[PDB]
Each structure stands twice: as structure tokens, then as C-alpha cells.
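As provided, work-v7.cif (mmCIF, C-alpha atoms) reads as follows.
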```cif
data_start
loop_
_atom_site.label_atom_id
_atom_site.label_comp_id
_atom_site.auth_asym_id
_atom_site.auth_seq_id
_atom_site.Cartn_x
_atom_site.Cartn_y
_atom_site.Cartn_z
CA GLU A 107 1.97 -13.85 18.87
CA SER A 108 3.51 -10.60 17.63
CA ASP A 109 7.11 -11.37 16.62
CA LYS A 110 6.71 -9.23 13.47
CA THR A 111 7.17 -6.19 15.74
CA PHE A 112 10.33 -4.42 16.78
CA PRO A 113 11.23 -2.25 19.78
CA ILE A 114 13.59 0.72 19.68
CA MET A 115 16.88 0.31 21.57
CA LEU A 116 17.85 3.59 23.26
CA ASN A 117 20.94 3.18 25.46
CA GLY A 118 19.97 -0.48 25.59
CA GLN A 119 16.47 0.44 26.80
CA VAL A 120 13.17 -0.55 25.20
CA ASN A 121 11.74 2.94 25.58
CA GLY A 122 9.34 2.17 22.72
CA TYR A 123 8.31 -0.15 19.93
CA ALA A 124 7.64 -0.01 16.21
CA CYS A 125 5.54 -2.02 13.79
CA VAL A 126 5.76 -2.72 10.08
CA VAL A 127 2.24 -2.02 8.80
CA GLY A 128 1.38 -2.03 5.09
CA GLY A 129 5.06 -2.24 4.28
CA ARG A 130 5.84 1.00 6.10
CA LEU A 131 7.76 0.98 9.36
CA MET A 132 6.06 3.15 11.96
CA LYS A 133 7.44 4.17 15.35
CA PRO A 134 6.43 6.96 17.71
CA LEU A 135 8.44 10.09 17.10
CA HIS A 136 8.71 10.81 20.83
CA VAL A 137 10.47 7.46 21.32
CA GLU A 138 14.10 8.52 21.09
CA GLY A 139 16.78 6.03 20.07
CA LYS A 140 17.63 3.60 17.30
CA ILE A 141 15.46 0.70 16.19
CA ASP A 142 16.70 -2.82 16.96
CA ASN A 143 17.04 -4.19 13.42
CA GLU A 144 19.91 -2.68 11.42
CA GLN A 145 18.12 -3.05 8.08
CA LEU A 146 15.06 -1.27 9.43
CA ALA A 147 17.33 1.45 10.84
CA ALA A 148 18.60 2.10 7.31
CA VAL A 149 15.14 3.47 6.49
CA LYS A 150 15.10 7.27 6.62
CA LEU A 151 11.69 7.62 8.23
CA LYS A 152 9.40 10.53 7.37
CA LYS A 153 7.76 12.17 10.39
CA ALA A 154 4.15 13.33 10.90
CA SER A 155 4.45 15.34 14.12
CA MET A 156 0.69 15.90 14.35
CA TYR A 157 0.43 12.14 14.92
CA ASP A 158 3.64 11.95 17.01
CA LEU A 159 4.57 9.35 14.42
CA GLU A 160 7.14 8.84 11.69
CA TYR A 161 6.84 6.52 8.72
CA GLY A 162 8.87 5.15 5.86
CA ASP A 163 8.89 2.36 3.30
CA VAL A 164 10.53 -0.75 4.72
CA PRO A 165 13.21 -2.10 2.36
CA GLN A 166 12.26 -4.46 -0.44
CA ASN A 167 13.38 -7.58 1.45
CA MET A 168 10.58 -7.75 4.05
CA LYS A 169 7.56 -5.71 2.92
CA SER A 170 5.79 -9.06 2.46
CA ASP A 171 6.19 -9.59 6.24
CA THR A 172 4.20 -6.47 7.13
CA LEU A 173 1.17 -6.55 9.41
CA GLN A 174 -2.19 -5.85 7.79
CA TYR A 175 -3.89 -2.72 9.13
CA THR A 176 -7.54 -3.09 10.05
CA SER A 177 -10.29 -0.62 9.23
CA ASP A 178 -13.09 -2.29 11.18
CA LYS A 179 -13.09 -1.58 14.92
CA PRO A 180 -16.25 -3.11 16.38
CA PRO A 181 -16.65 -2.72 20.15
CA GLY A 182 -15.04 -5.59 22.00
CA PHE A 183 -11.74 -6.95 23.26
CA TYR A 184 -8.57 -6.57 21.19
CA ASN A 185 -5.29 -8.45 21.53
CA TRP A 186 -2.14 -6.72 22.75
CA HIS A 187 1.25 -7.63 24.19
CA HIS A 188 0.02 -7.27 27.78
CA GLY A 189 -2.79 -9.74 27.18
CA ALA A 190 -5.81 -8.04 25.64
CA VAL A 191 -7.55 -4.67 25.90
CA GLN A 192 -11.18 -3.59 25.79
CA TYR A 193 -12.37 -1.04 23.23
CA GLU A 194 -15.28 1.09 24.43
CA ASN A 195 -17.05 4.29 23.36
CA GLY A 196 -14.47 4.62 20.61
CA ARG A 197 -11.46 4.39 22.92
CA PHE A 198 -9.26 1.51 24.01
CA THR A 199 -9.56 1.01 27.76
CA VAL A 200 -7.22 -1.00 29.94
CA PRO A 201 -6.96 -2.13 33.57
CA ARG A 202 -6.06 0.76 35.86
CA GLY A 203 -2.30 1.37 35.84
CA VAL A 204 -1.22 -1.70 33.88
CA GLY A 205 1.22 -0.82 31.12
CA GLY A 206 3.11 2.46 31.00
CA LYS A 207 6.21 4.27 29.79
CA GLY A 208 8.09 2.25 27.20
CA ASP A 209 4.96 0.61 25.78
CA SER A 210 4.49 3.29 23.10
CA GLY A 211 4.63 1.82 19.63
CA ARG A 212 3.19 -1.50 20.75
CA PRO A 213 0.58 -2.61 18.20
CA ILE A 214 -2.93 -3.72 19.11
CA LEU A 215 -3.98 -6.90 17.34
CA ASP A 216 -7.27 -7.82 15.74
CA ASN A 217 -8.28 -11.27 16.98
CA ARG A 218 -8.02 -12.31 13.32
CA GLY A 219 -4.28 -11.58 13.51
CA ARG A 220 -4.26 -8.02 12.16
CA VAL A 221 -3.23 -4.67 13.64
CA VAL A 222 -6.01 -2.23 14.49
CA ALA A 223 -4.02 0.54 16.16
CA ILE A 224 -0.70 1.57 17.67
CA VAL A 225 -0.63 2.93 21.22
CA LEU A 226 1.03 6.21 22.23
CA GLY A 227 0.27 6.14 25.97
CA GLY A 228 -2.71 6.57 28.26
CA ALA A 229 -4.38 8.28 31.20
CA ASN A 230 -6.55 7.48 34.20
CA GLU A 231 -9.76 9.22 35.25
CA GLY A 232 -9.77 7.11 38.42
CA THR A 233 -11.96 4.19 37.35
CA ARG A 234 -10.11 2.92 34.26
CA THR A 235 -7.08 3.59 32.09
CA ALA A 236 -7.85 5.23 28.76
CA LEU A 237 -5.33 4.72 25.96
CA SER A 238 -4.13 7.17 23.35
CA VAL A 239 -3.91 5.54 19.93
CA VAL A 240 -3.51 6.14 16.23
CA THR A 241 -6.62 4.92 14.44
CA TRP A 242 -8.32 4.60 11.08
CA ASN A 243 -11.81 5.82 10.30
CA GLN A 244 -14.15 3.38 8.57
CA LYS A 245 -13.41 5.34 5.39
CA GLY A 246 -9.75 4.49 6.01
CA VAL A 247 -8.56 7.90 7.16
CA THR A 248 -5.68 7.49 9.58
CA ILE A 249 -6.23 9.39 12.81
CA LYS A 250 -4.70 9.88 16.26
CA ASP A 251 -6.74 9.71 19.46
CA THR A 252 -5.78 11.09 22.86
CA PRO A 253 -8.04 11.02 25.94
CA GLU A 254 -8.34 14.08 28.18
CA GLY A 255 -5.01 14.68 29.87
CA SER A 256 -3.31 11.99 27.80
CA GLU A 257 0.20 11.09 28.86
CA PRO A 258 2.61 9.70 26.27
CA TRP A 259 4.60 6.69 27.38
CA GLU B 107 -4.45 -25.19 -17.47
CA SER B 108 -2.46 -26.20 -20.56
CA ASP B 109 -5.79 -27.19 -22.12
CA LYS B 110 -6.34 -23.46 -22.73
CA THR B 111 -2.85 -21.98 -22.21
CA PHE B 112 0.20 -22.42 -24.35
CA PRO B 113 4.00 -22.30 -24.21
CA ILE B 114 6.21 -19.95 -26.21
CA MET B 115 9.54 -21.02 -27.70
CA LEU B 116 12.70 -18.94 -28.11
CA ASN B 117 13.69 -20.64 -31.39
CA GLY B 118 13.34 -23.95 -29.52
CA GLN B 119 13.71 -23.04 -25.84
CA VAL B 120 10.55 -22.27 -23.88
CA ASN B 121 10.54 -18.70 -22.63
CA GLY B 122 6.93 -17.63 -22.00
CA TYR B 123 3.24 -18.35 -22.29
CA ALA B 124 0.11 -16.78 -23.72
CA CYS B 125 -3.47 -16.98 -22.49
CA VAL B 126 -6.86 -16.89 -24.19
CA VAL B 127 -9.73 -15.40 -22.19
CA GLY B 128 -13.21 -14.70 -23.53
CA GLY B 129 -11.64 -15.68 -26.82
CA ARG B 130 -9.17 -12.81 -26.57
CA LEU B 131 -5.63 -14.10 -26.80
CA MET B 132 -3.25 -12.35 -24.43
CA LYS B 133 0.49 -12.44 -23.88
CA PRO B 134 3.00 -10.32 -21.93
CA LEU B 135 4.58 -7.90 -24.37
CA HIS B 136 8.14 -8.24 -23.05
CA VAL B 137 8.15 -11.98 -23.88
CA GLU B 138 9.56 -12.65 -27.34
CA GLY B 139 8.90 -15.86 -29.24
CA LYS B 140 6.06 -17.64 -30.98
CA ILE B 141 3.23 -19.65 -29.48
CA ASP B 142 3.37 -23.39 -30.13
CA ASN B 143 0.31 -23.26 -32.38
CA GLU B 144 -0.10 -22.41 -36.05
CA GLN B 145 -3.60 -20.92 -35.72
CA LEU B 146 -2.97 -18.78 -32.64
CA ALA B 147 0.39 -17.41 -33.78
CA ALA B 148 -1.16 -16.32 -37.08
CA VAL B 149 -3.42 -13.78 -35.35
CA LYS B 150 -2.32 -10.16 -35.42
CA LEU B 151 -1.46 -8.57 -32.09
CA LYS B 152 -2.26 -5.13 -30.71
CA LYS B 153 0.16 -3.93 -28.04
CA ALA B 154 0.07 -1.35 -25.25
CA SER B 155 3.17 -0.73 -23.12
CA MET B 156 0.99 0.66 -20.33
CA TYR B 157 -0.33 -2.89 -19.95
CA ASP B 158 2.92 -4.65 -20.92
CA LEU B 159 0.74 -7.01 -22.92
CA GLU B 160 -0.46 -7.63 -26.46
CA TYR B 161 -3.63 -9.30 -27.61
CA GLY B 162 -5.64 -10.77 -30.47
CA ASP B 163 -8.73 -12.92 -31.01
CA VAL B 164 -8.93 -16.65 -31.74
CA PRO B 165 -10.75 -18.18 -34.73
CA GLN B 166 -14.37 -19.18 -34.26
CA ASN B 167 -13.48 -22.89 -34.26
CA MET B 168 -12.10 -22.43 -30.73
CA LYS B 169 -14.46 -19.72 -29.45
CA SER B 170 -15.72 -22.37 -26.99
CA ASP B 171 -12.18 -23.24 -25.81
CA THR B 172 -11.06 -20.24 -23.76
CA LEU B 173 -10.74 -19.30 -20.12
CA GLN B 174 -13.90 -17.66 -18.80
CA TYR B 175 -13.22 -14.21 -17.40
CA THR B 176 -14.34 -13.00 -13.99
CA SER B 177 -13.76 -10.02 -11.69
CA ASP B 178 -15.13 -11.67 -8.54
CA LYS B 179 -11.96 -11.06 -6.52
CA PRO B 180 -12.69 -11.72 -2.84
CA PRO B 181 -9.54 -11.90 -0.70
CA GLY B 182 -8.37 -15.48 -0.39
CA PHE B 183 -6.18 -18.18 -1.83
CA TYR B 184 -6.43 -18.88 -5.56
CA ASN B 185 -5.19 -21.82 -7.59
CA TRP B 186 -2.20 -21.43 -9.89
CA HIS B 187 -0.23 -23.62 -12.28
CA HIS B 188 2.59 -23.89 -9.71
CA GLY B 189 0.40 -24.35 -6.65
CA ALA B 190 -2.02 -21.96 -5.04
CA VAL B 191 -1.41 -18.24 -4.57
CA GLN B 192 -2.77 -15.84 -1.96
CA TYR B 193 -4.62 -12.63 -2.81
CA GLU B 194 -5.27 -10.11 -0.07
CA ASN B 195 -5.85 -6.39 0.51
CA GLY B 196 -5.31 -5.73 -3.19
CA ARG B 197 -2.08 -7.74 -3.40
CA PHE B 198 -1.23 -11.08 -4.98
CA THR B 199 1.33 -12.96 -2.92
CA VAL B 200 2.99 -16.31 -3.53
CA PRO B 201 5.70 -18.47 -1.93
CA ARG B 202 9.23 -17.25 -2.59
CA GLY B 203 11.06 -17.93 -5.86
CA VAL B 204 8.39 -20.04 -7.57
CA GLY B 205 7.98 -19.23 -11.26
CA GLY B 206 10.72 -16.75 -12.08
CA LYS B 207 12.02 -15.97 -15.55
CA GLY B 208 10.04 -17.45 -18.43
CA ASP B 209 7.01 -18.17 -16.23
CA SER B 210 5.17 -14.92 -16.98
CA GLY B 211 1.81 -15.02 -18.70
CA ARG B 212 0.62 -17.82 -16.45
CA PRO B 213 -3.00 -17.10 -15.48
CA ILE B 214 -4.63 -17.45 -12.08
CA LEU B 215 -7.81 -19.50 -11.87
CA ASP B 216 -10.98 -19.37 -9.80
CA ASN B 217 -12.33 -22.42 -8.00
CA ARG B 218 -14.54 -22.75 -11.09
CA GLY B 219 -11.45 -22.21 -13.25
CA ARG B 220 -12.34 -18.62 -14.10
CA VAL B 221 -9.26 -16.52 -14.75
CA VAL B 222 -8.60 -13.66 -12.36
CA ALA B 223 -5.14 -12.32 -13.26
CA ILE B 224 -2.14 -12.80 -15.54
CA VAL B 225 1.47 -12.83 -14.37
CA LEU B 226 3.79 -10.20 -15.84
CA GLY B 227 6.42 -10.97 -13.20
CA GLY B 228 6.95 -9.77 -9.65
CA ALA B 229 9.37 -9.14 -6.82
CA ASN B 230 11.28 -11.87 -4.97
CA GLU B 231 11.63 -11.26 -1.24
CA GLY B 232 10.94 -12.37 2.32
CA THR B 233 8.40 -15.03 3.19
CA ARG B 234 6.45 -14.39 -0.01
CA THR B 235 6.94 -13.01 -3.50
CA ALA B 236 4.39 -10.50 -4.76
CA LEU B 237 3.31 -10.79 -8.38
CA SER B 238 2.92 -7.82 -10.71
CA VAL B 239 -0.24 -9.22 -12.25
CA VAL B 240 -2.63 -7.33 -14.50
CA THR B 241 -6.12 -7.44 -12.98
CA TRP B 242 -9.30 -5.39 -13.15
CA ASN B 243 -11.33 -3.03 -11.02
CA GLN B 244 -14.59 -4.18 -9.48
CA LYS B 245 -16.09 -2.25 -12.42
CA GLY B 246 -14.30 -4.73 -14.69
CA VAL B 247 -11.76 -2.17 -15.92
CA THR B 248 -8.26 -3.50 -16.53
CA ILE B 249 -5.56 -2.36 -14.12
CA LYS B 250 -1.83 -3.05 -14.09
CA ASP B 251 -0.39 -3.75 -10.65
CA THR B 252 3.35 -3.12 -10.33
CA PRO B 253 4.62 -3.51 -6.77
CA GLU B 254 7.85 -1.59 -6.31
CA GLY B 255 10.96 -3.33 -7.59
CA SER B 256 8.99 -5.98 -9.48
CA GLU B 257 10.75 -7.61 -12.39
CA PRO B 258 9.36 -9.00 -15.66
CA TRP B 259 9.52 -12.77 -15.80
CA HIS C 392 14.57 72.45 -11.66
CA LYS C 393 11.17 73.55 -10.41
CA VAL C 394 10.14 70.57 -8.25
CA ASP C 395 11.68 67.79 -6.17
CA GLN C 396 11.91 64.16 -7.30
CA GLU C 397 9.33 62.91 -4.82
CA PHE C 398 9.85 59.16 -4.71
CA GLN C 399 6.11 58.44 -4.72
CA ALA C 400 6.12 59.98 -8.20
CA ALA C 401 9.65 59.25 -9.41
CA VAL C 402 8.55 55.67 -10.02
CA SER C 403 7.00 55.54 -13.47
CA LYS C 404 3.56 54.04 -13.91
CA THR C 405 5.03 51.14 -15.87
CA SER C 406 7.89 50.72 -13.39
CA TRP C 407 5.64 51.05 -10.35
CA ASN C 408 3.28 48.57 -12.00
CA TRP C 409 6.04 45.99 -12.34
CA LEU C 410 7.19 46.66 -8.78
CA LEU C 411 3.70 46.10 -7.41
CA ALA C 412 3.43 43.09 -9.72
CA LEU C 413 6.45 41.39 -8.17
CA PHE C 414 5.49 42.35 -4.63
CA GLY C 415 1.94 41.26 -5.42
CA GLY C 416 3.22 37.87 -6.46
CA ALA C 417 5.30 37.50 -3.30
CA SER C 418 2.58 38.82 -0.98
CA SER C 419 -0.05 36.64 -2.64
CA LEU C 420 2.21 33.60 -2.41
CA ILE C 421 2.79 34.12 1.32
CA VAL C 422 -0.87 34.96 2.08
CA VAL C 423 -2.18 32.05 0.00
CA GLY C 424 0.38 29.77 1.62
CA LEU C 425 -0.78 30.81 5.09
CA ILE C 426 -4.40 30.29 4.04
CA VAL C 427 -3.51 26.83 2.70
CA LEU C 428 -1.84 25.97 6.01
CA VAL C 429 -5.02 27.08 7.79
CA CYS C 430 -7.33 25.08 5.50
CA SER C 431 -5.16 21.96 5.70
CA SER C 432 -5.36 22.10 9.49
CA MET C 433 -9.16 21.96 9.22
CA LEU C 434 -8.99 18.81 7.05
CA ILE C 435 -8.36 16.38 9.92
CA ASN C 436 -10.80 17.98 12.37
CA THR C 437 -13.55 17.75 9.73
CA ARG C 438 -13.22 13.94 9.51
CA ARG C 439 -12.35 12.72 13.03
#
```

Using the file provided, produce a representation of the structure as C-alpha cells.
Amino acid sequence: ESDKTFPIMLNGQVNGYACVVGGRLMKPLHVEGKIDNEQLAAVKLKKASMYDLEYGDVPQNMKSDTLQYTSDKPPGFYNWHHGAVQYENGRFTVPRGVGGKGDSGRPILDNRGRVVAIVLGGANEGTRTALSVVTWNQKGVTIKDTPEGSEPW
Amino acid sequence: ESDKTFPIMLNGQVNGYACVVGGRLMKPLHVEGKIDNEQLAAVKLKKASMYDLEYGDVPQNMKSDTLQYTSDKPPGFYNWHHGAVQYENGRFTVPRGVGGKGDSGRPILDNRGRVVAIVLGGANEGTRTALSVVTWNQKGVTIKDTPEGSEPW
Amino acid sequence: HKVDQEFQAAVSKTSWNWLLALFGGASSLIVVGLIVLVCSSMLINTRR
């Protein structure tokens, strides 16, 4: 379940997604186009180009509905939209070539029903797909991660 | 409960409540009126607008009849005079519209009945309303929580 | 007149002092700003 998430409609194309985390709407900056919900679109997002992300306070009518971000990231399998993804050696890893362009902004879900990260894209070394993701250090510092030769989706 | 909490009357119409914790009487400062007791109302009040609350101390005949204070604030549901409330990630959240105007000053009680917060008011929105309750740090230092757009009740 | 108004000396000490004061403020503001942009860049790499 992840209905508290919203894709961006560009020319009627789901070129990306966005998630309301901690009462702030976050979408990839690279994902061109307008968000689905008109009330969310009224938010004048603030960009953070180093993260390829833009953020802004969701309006006062749905900040209660926000997903809870998750600091803890123990090694294991994490829920997604395309089933679930493994997290290994500090990076989310996914079956080779599953998922791709348009999946940016899809949140990754803690089995407890919380969001641990938002995906930007991926890469393949040849054995497995490695994902690029925004993350949070144990301290709580928000970070972006991008494997070698990362491709945004 | 009402055993240790009391209603306030606007010349005859209830419009607020006051709470006694550790013998300290406490009441939201924006609520006018007098407590429905002749001993409690007689106590002088000290007020601080940064806490939106005023306080006094009960006579020694009722030193034993007060809510026990606690700062053990693990995330989870807590009991409240209008049904349970949820506390998580540093936020107190409750079903929509319950309480409202004149319901401020209602305390929140531990499983053991220990008080954990006092309602100043809150914001009404979405699936849940968030209360602007005055709580304390883990160090036991009072803090006022005022989620954006909250209103005094 | 016995000597030219060489610009390097036509500026009075007080006047030249205020000129260098204003340009010092501007130059320091731009240099400090650049340094702050450099230091801020290091902030994320020090904690990832």
C-alpha cells in the first residue's frame, strides 16, 4: 500500500512521482511537469539542486497525512511499488533491469509502513541493478546517494 | 479525570478547564473564567505568554489529590478525556474535530494516569488534528509545541 | 605650478583611506562569500 504518494503528470505522462514526507512535498527536480493533485501543485516548492530534489510545506489541510521518514536502515529487504528491494553494503539493489525511467520519486517503504528513501534512478554493473537514492544518516542528516555511473530515471 | 481536573465557567457557561499536577495548578492563559472551586480559584496565578498558561499551587489539604507528572514519552497512543490520542515523532495527533473551542486545558494521561501534556488547542485538518500541547524535554524542561496554523481552544 | 597632480598622490590620506575602506568592505564581502561557499560545500562531504 502506498496511496499517500503522487506522480507528476507531464503531458499526461507519469515521468516521475512525489511523496509527502514530514509534511513537505518532495519530488525530483529533474522530473519535469506538473504534479497530479491541484492543491499540491499550489505549493511553490523550494529546490535543492545538489540533491536533484525540491521541497515545500504541503498546505495545512493534509500535513497529517504525510509519510513518516525513517532514520534506521538496517540491511535487509525494503518495500517498494515494484514489489520489494534489497538494501546491501549501504545501497539499495534491485533485480537487473527491472524498473526504469519514470520511477524517479517513488518512495521506498519500511516494512513498518514508513518511508526510508526516495529513488532517483539506478545503474547496472552487470550482475545487479544499483539504485540512486536520497537517504538519511543515523544522525538524521539527509543525503543523496548515486552509484558509479548512476543514471537518473 | 474530573476527579483531579475542573471546569471553568464564563459567568455560567463552561468555557475551559484547569489542571493540577504535582500540586501545581495550571490553566491555559487565553481561557477566561473562574474554576468551579472556592479553594482553587482563590490561589494567585503567575502567567507567562511564552507558555500561554498560568499557574499556582493548591493548599496542603489536597497535596495528595493531584495528577502525577511524568516525562516518559515513548511514541504511542495515550488516553484522553475524549478518547485516546496518538503521539509520534514529536507530534500529538488526534481524530478530526474532537474537542474544539472550550476544550483546552484537558490533560493527557499515561496508562498509570500520569499526565504527559496539556491541550492549548491545535489545528483541524485531514485524517487527524494535531494538538498544540505544552510538553517537556526528556530533560524534564517545559516546551510549548505550536504546529503551524494551530488555534487556541 | 611646480608639479603635476599625480593621481596616486592627489587622493588625500583621509580620502584614500575611505576609498580603500569601501573597497575593502566590498572585496572582503566577496572573498568571504566565496570562502563560505567553499566551506559549505565541504559540509556534506564531511558527513556522508

(request) Quick one: superpose chain B on chain A on all Cα atoms, same order, and give the RMSD. (result) 1.1 Å

(request) Check what the PyMOL selection byres ((chain A) within 7 of (chain B)) selects in the file above and give those residues as a PyMOL selection string. (result) chain A and resi 166-168+170-171

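Straight-line separation from atom CA of residue A:140 to atom CA of residue A:216: 27.4 Å.
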
Only residues of chain C matter here; which ones have an atom within 10 Å of chain A, counting all atoms listed in the file? Give them as a PDB file with C-alpha atoms, keeping the file's coordinate frame.
```
ATOM      1  CA  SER C 432      -5.360  22.100   9.490  1.00  0.00           C
ATOM      2  CA  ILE C 435      -8.360  16.380   9.920  1.00  0.00           C
ATOM      3  CA  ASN C 436     -10.800  17.980  12.370  1.00  0.00           C
ATOM      4  CA  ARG C 438     -13.220  13.940   9.510  1.00  0.00           C
ATOM      5  CA  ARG C 439     -12.350  12.720  13.030  1.00  0.00           C
TER       6      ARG C 439
END
```

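Nearest-residue note for residue B:134: choosing from B:159, B:237, B:190, B:151, the minimum distance belongs to B:159, counting only C-alpha atoms.
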
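Pairwise distance (atom CA of residue A:141, atom CA of residue A:204) equals 24.4 Å.
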
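Against this structure, the PyMOL selection byres ((chain B and resi 173-175) around 6) ends up with residues 127, 128, 172, 176, 220 and 221 of chain B.
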
(message) If the PyMOL selection byres ((chain A and resi 120-126) around 7) were run on this exact file, what residues would it hold? Put them as a PyMOL selection string.
(response) chain A and resi 111-116+118-119+127-133+137+172-173+208-213

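If you look at atom CA of residue B:207 and atom CA of residue B:138, they are 12.5 Å away from each other.
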
Around stretch 430-438 of chain C, fit a box with edges along x, y and z, padding it by 3 Å on each side, then list its centre and edge lengths in Å to one decimal as lines of an AutoDock Vina configuration file.
```
center_x = -9.4
center_y = 19.5
center_z = 8.9
size_x = 14.4
size_y = 17.1
size_z = 12.9
```
